[PDB]
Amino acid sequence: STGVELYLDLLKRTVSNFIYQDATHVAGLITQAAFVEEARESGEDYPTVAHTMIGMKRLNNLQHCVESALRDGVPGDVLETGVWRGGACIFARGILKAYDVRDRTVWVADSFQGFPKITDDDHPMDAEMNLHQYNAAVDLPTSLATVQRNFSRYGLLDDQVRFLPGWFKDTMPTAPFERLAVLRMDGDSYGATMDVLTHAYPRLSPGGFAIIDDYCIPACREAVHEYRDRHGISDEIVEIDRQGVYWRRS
């Protein structure tokens, strides 16, 4: 109903392409290419064209996290670790824009090359899963230049969008943000989750939100529990849909 609500509603439907309803890649448990409403609603398919694969329920979750941070005066930026085509970060920048927020940044972190090749240093669950095998099949490698172009299409490429290109184990320890209000983790593997919890989570403000996109994946979940056990973190884990969870840092 308000201009703000209308904009953010359309922005979600647009970055997930409920508007034009692109086919999905046939991969994983998806056995047909046709668009299925319930799969895009829950972020369960692999869009051929859409700018995000997280789906409406996880987009609604990101909106709730950012809005709650803003309402409650939780200081800091938004970081997403694993962005693909950039749709969820585009949406994040859009939320700031809708509220005319000029003092927070959206940090966009990725290899911009898809999943890394497995080495002997990987966690054995990451090695067995070998996410790198799927890069082309779902068009995962998405260059920095492409992501930036995608932001421009929505008129949201500006100096409150900053990019952190590279492997998370390399980029996160010295990433130049001071404080985060929302940390959205979407790198799927034990390694990526643990890199980001280790190196970015300490900068998450009290009251801020930690979102684990891929908690359904056993390697991801293992890292979340190892990390929480190590640091004494007991904040409730709340489910979003069939894949994602989040907690709010107390």
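Counting begins at 1, following the sequence as shown.
Undergrad: Do at least a third of the other compared PDB entries leave residue 47 without coordinates?
TA: In at least a third of the comparable entries (those modelling both sides of it), residue 47 has no coordinates.
Undergrad: At least a third of the other compared entries lacking residue 127?
TA: That residue is missing from at least a third of the other compared entries.
Undergrad: Comparing 73-81 with 117-125, which stretch shows the greater average C-alpha B-factor in the deposited entry?
TA: If you average the C-alpha B-factors of 73-81 and of 117-125, the larger mean comes out for 117-125.
Undergrad: Going by the mean C-alpha B-factor recorded in the entry, which is higher: 47-55 or 22-30?
TA: Comparing averages over the C-alpha atoms only gives 22-30.
Undergrad: Among the candidates 192, 211, 216, 224, give the one with the maximum CA B-factor reported in the record.
TA: Highest C-alpha B-factor among the listed residues goes to 216.
Undergrad: Would you mind checking where the Cα B-factor of residue 14 ranks among the modelled residues of its chain, as the lowest, middle or highest third?
TA: It falls in the middle third of the chain.
Undergrad: What third of its chain, lowest, middle or highest, does the C-alpha temperature factor of residue 176 fall into?
TA: Highest third of the chain for residue 176's C-alpha B-factor.
Undergrad: Sorting the chain's modelled residues by C-alpha B-factor, tell me whether residue 168 ends up in the lowest, middle or highest third.
TA: It falls in the bottom third of the chain.
Undergrad: By the record's CA B-factor, is residue 68 among the lowest, middle or highest third of residues in the chain?
TA: Residue 68: CA B-factor falls in the highest third of its chain.
Undergrad: Compared with the other modelled residues in the chain, in which third is the CA B-factor of residue 86?
TA: For residue 86, whose C-alpha B-factor we compare with every modelled residue in the chain, the answer is the lowest third.
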